[PDB]
Each structure stands twice: as structure tokens, then as C-alpha cells.
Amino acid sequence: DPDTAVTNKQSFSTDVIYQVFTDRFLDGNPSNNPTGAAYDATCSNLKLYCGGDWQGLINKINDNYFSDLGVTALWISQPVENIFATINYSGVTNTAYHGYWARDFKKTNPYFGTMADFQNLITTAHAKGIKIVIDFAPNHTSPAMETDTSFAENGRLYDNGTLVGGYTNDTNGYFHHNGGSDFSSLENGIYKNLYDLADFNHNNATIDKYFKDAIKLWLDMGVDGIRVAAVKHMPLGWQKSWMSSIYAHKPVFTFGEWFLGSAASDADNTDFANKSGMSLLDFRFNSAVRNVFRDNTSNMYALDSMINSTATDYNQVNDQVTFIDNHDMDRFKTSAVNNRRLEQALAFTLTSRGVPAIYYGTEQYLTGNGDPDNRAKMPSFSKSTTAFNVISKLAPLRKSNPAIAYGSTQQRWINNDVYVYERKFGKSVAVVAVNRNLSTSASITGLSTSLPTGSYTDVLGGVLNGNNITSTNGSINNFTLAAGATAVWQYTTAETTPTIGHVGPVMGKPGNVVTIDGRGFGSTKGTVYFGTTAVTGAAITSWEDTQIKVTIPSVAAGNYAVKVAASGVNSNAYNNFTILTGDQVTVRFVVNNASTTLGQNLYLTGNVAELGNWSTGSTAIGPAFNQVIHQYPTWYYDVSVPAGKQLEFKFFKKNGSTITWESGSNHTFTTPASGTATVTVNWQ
């Protein structure tokens, strides 16, 4: 299958995601609707169910609404069973319509549908070439009050009907009872409750085993991707460990929600993206896009700078999910924002790097500020709006032009209001010009591109006032970019040299199968390179021009570059591919008496790649925590680490340059065969 098929659960670069709140889209089945205070047919009280379901989704798939719009994947509300109780917040009745207050991850929300409906949705979606991505929130159950079991459902958790435990009288410690996060530190938001949501204690082996089993079920149902909710609030170590379990079973594209409030780089965010095993929603791309297109608080340079900085910060920037709005923020469209601005923003998003996601209703210009107004019912299924048109013209390009899907980005011309960027990959090119000025046009002279000699036509057909151009060996002739104009020009050709577009996942242990997508691989099974190790033969489970599935070899745990040698020609190296020691388990390391100096931090390192292999640099573990679960001078940290292996490890203090290690011999511990563990040591 090509990189381009719906069969490609490992890569969404060629896809366009449509984010839909199941409840607010379409009620294909009224029989499954809630009753009483929980239901509102007019869908005027946005905190109540409105009946949207999977059958509604199925219906629109079948009448090609999505196929005509161009979207190739659907991201839906968390499918699991939620609390049935209603919650009264300062007089207002709230329901679990959003799907985020789960009570049983082994079952479906019956208001959405049944196992059969779900299986029917996956099949119908696949028959039309639409991948299905599910929201999943392993961070918590639902709102709960420790001192009041009657509020909501006391955050109870059921394992397929069977009660596992509630927040009150939690003798086994399935949850954290450290109060609620004040968001003052990273440690704080991880070990304390997100709002009033009962917080899971993933160090509890039952909870760790519940989530592995739970996700395994949905992957088996055929899901093609996962949106992990609130990744900033669970320990990276547990999630990494969970990610490898998924990748070892049935690898699917996985991205997570790490909320950022600006285009600015965040060290914790970058680390996560680069070390967890999953990618992230790009809140940095979102701020710059909104700042420039919607709010007018920044200009074209800001946009360009965000393109350059994120590409520098993330190991795989192409794995980041972009968007112009979502259910946790004001709809892009507002009274002061014009339609052309919304349309230009989509055009930018759809031709830029990453995996584009469109919040439902954008094409209908849906308005709505805040929660839940930004979660209004899908008002129309019109295929006439320009917004709708722009998406149907551009979306397919991610499929047809590999430069959009896998290419690099380069500025070709710019100023306060104008931005002309270029996407390239092999001989294929795509050039985009955006003039955000709604009242005045710009004379563009001296524009150079990679477009071979020839005259080009706007791929938008001029719907966004685009013009056609002429290149003379990349030299574009002077032209005027009309007001509020945006034109897309492109050039595509067959690649003749093996060239890697994407590898996914980019983490795994020996035995796992990874997918390498690109061009020019040829149809004659060659050799795949993991660093210096050449993988040939039956290990390469498939080999075609745009996709190779290959088994990760038994080489030392570490960082590698993937190269594909096709017919004697070696391709480009796809860097930072992480090979693990083997299966993971999550171990909490605790150290007593590690007192420090103003600005000194505690780290950890040991004899396995997962512990940094005695490194004190960016591969060491830390800085350790010292506030919630354990207080200074006791530090602790959850680390994904190989299973049933004997590790040697030592802690070290580091402020600036000076590294001070623990004296004595290394500490030792033999990690468990499965699940989780805790090992406490005293600073030597």
C-alpha cells in the first residue's frame, strides 16, 4: 500500500483531520438519546446532550459530505462510557456530552452508540478512505469530592461493569489525594487533580495494567490514531512506557495535548515531543496563526519565525498536529474577523508542515466564544461556502504533492503583510503567497522559487483572488498579489532516488515493525539501515515505491538514523530514531537526603540507554521532583525503563557546569517483568 492509503495508521502527514464533537454534529439515531435534564433537542443549552451520535457520522460519510470536503480522517470524542449523573456547578446543570468524564474505558458511551455501531463506524469510514482517530484521556475519571460521595459519581472507575474503585475510601491508592493543582509548577500539575477530576495514580500497577489493556481493545477495534488528553498532567515516564506497549502491539499515530499560551518555545514541551514516543498538537503554530490572521497582534515575520523555531525545536516537526482553533478556545471566526482571514488561515494551515486538523463547523463559519459556546451544534451541511471550497481544493494536495506532506519550508519573500513560502521534497515543489492586507495589493518583484521553467496556475482557481505565474528557472516574473489574495502554485514529478518522507513510529524495541514512507524506493526490496546495521531480507516485511515496513533489528538501545539504500543509491538519513532495550515498565526512583544548593538540580543516569548510558547531558533523567509525592531533600522521578533487567544507576547534582556524583558504588535494582515498581535509595 502507498504511504497515501487509509491503511497507513502510522502516518497522518498526507491526511487532513476533521475534529468533531460527536454530540454536536448529527443525531442519526434518536433512540439512543438521553432522557430528562440531561437532554435538549433544540440544543440551546450547550451544557446538555443534543443527541449527536456515531450513526450521524456514518450518515455523512455515506453521503460524501466529508469526501466532498476533502477530509481524510475524523477525530472523535472519547468513545468510552462516561458518568451518567448530572453535575450542578453553581446552578448550572452540566453533563458529560464532551466524553471527557469517563467511568469505564472498556465500554462505549451508549449515547454515542454500541460496540456494533462503533465497529460499523470504523468500517464505513475505512471503506471511504477515512481514518478514525479517538480522543483518550487516561489522566482521570470524572469530577469527584473526597468528602462527599454523592457529588457526581465520586469519580468511580469500572472495569467493564465491575467497580474498581472510587475517590472516597481509596484504600488501594488508585488515585492521587494530593488536592488540586494550582498550576504553579510542572510537578504540581502532574500529581494533583486537574480541576476536580479524580486523578489516577499510574504508579499503581492495576491502573497501569488497566490502561494498557484498555487501549489495546480500541486498537483491536481498528482505530487509526489517538489524541491523548492532558499529557502535561501525567508523568512522561508512564506515558513513554505506555507508548511502547502500544507500538509493540499495534502502532498507530499518537499525538498529545500539551497546552501552550504563545508561539514561544517551552523546554518541557519540546522535551516531551522529542522524548515521549508521541508527538503533540502544535499550540505554537496556533498562536502565531491566530496572532497574525485573526487578532492582528503580530505580523508575517512572527509567522516565519515560528516556522523556523519549531522546525529547530522538534525532532520531527512533521508529526505535530496544527489547527486554527479548538473546543478549548474562542472560535476563530468572530464578528470583527473577516471571512477572508479565516479562509487565508486555513489555506496556510493546509499547505504548511505538520498534520492539519479542522475543528468542525469552520467551513460553515461557526462562531462561539469560550466553553461551551465554541461547541455549538453543526448548523449546516452546505458545500457552498468559500471556506468549504478552499479545503476541498487544498486538502487533496497533501495526498498528491509530497512536498506539502513531507517537505521543508523556506521563505521566498516577505514583509509586514505579505508572506511567500516554499515547500520542497525531491523535485516536487509547492509555493504559497498570502497577502493579509484586505484593502491594498502588493507588487512582488524579485521572487525566486524552485519551480522549473513554465507558466503556473493558481491551484485555488482564483477563489481567493489568486493569479497565475511564469517561472524562468525559478525566476518568477513580477506580479501583483491582489488584496486579501492567496495563490498556490505547484510542480510534481516522479522521484527517481530513494528519498525518505517520514518514518513512524520513531521509537520501538527490537521486533517492532515501523513504516518508512517516501519516494523512489523502487519496487525491488533493498536494504534498510539502522545506523550501520543493514536490515535485509524477510525483516523488510514489504517494499514498494512509497512505503517500506521493516522490523527493528537487535542492535544496542540508542539513537539512530534511518537510511534506505535502493538499487545501490543511498537515501537521506531520517534522524533521531529511538531503539529501546526491550519492553518497558515504569519505575519510580526515590533518593533520600539529597540536599542541594540554590539552583542546583538532581538528575539520574545509569547503564541502559533509557537511563542515558552514564551521560550527564540531555539524555540523563531529570530534574527530579521534590514537592508533591515526596518533599525535599527527598527527590523522586518516574522513568520508563527496560523490564526484568538489572540496572546500575547513580544520581548527580548539576547547576551550571559542575557535576557532583554520588560517591560509593553504583546503586542496583532489578526491574520487574511487567507493570510498575519503586526503588528507594539514600544519597551516597
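All residue numbers are counted from 1 along the displayed sequence.
Look at the mean CA B-factor for 605 to 613 and for 258 to 266 in the entry; the higher one is 258 to 266. Between 490 to 498 and 319 to 327, it is 490 to 498 that carries the larger average Cα temperature factor according to the deposited entry. Per the deposited record, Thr149 carries the highest C-alpha B-factor of all listed residues (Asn415, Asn204, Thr149, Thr362). Reading the B-factor column for the CA atoms of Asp53, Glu648, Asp63, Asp638 in the entry, the top value corresponds to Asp63.
In this PDB entry, the Cα temperature factor of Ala677 sits in the middle third of its chain's modelled residues. Ranked against the other modelled residues of its chain, the C-alpha B-factor of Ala41 as given in the entry falls in the highest third. The deposited CA B-factor of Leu26 belongs to the middle third of values across its chain. Annotation for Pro642: CA B-factor lies in the middle third of the chain's modelled residues.
In this PDB entry, the Cα temperature factor of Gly518 sits in the middle third of its chain's modelled residues.
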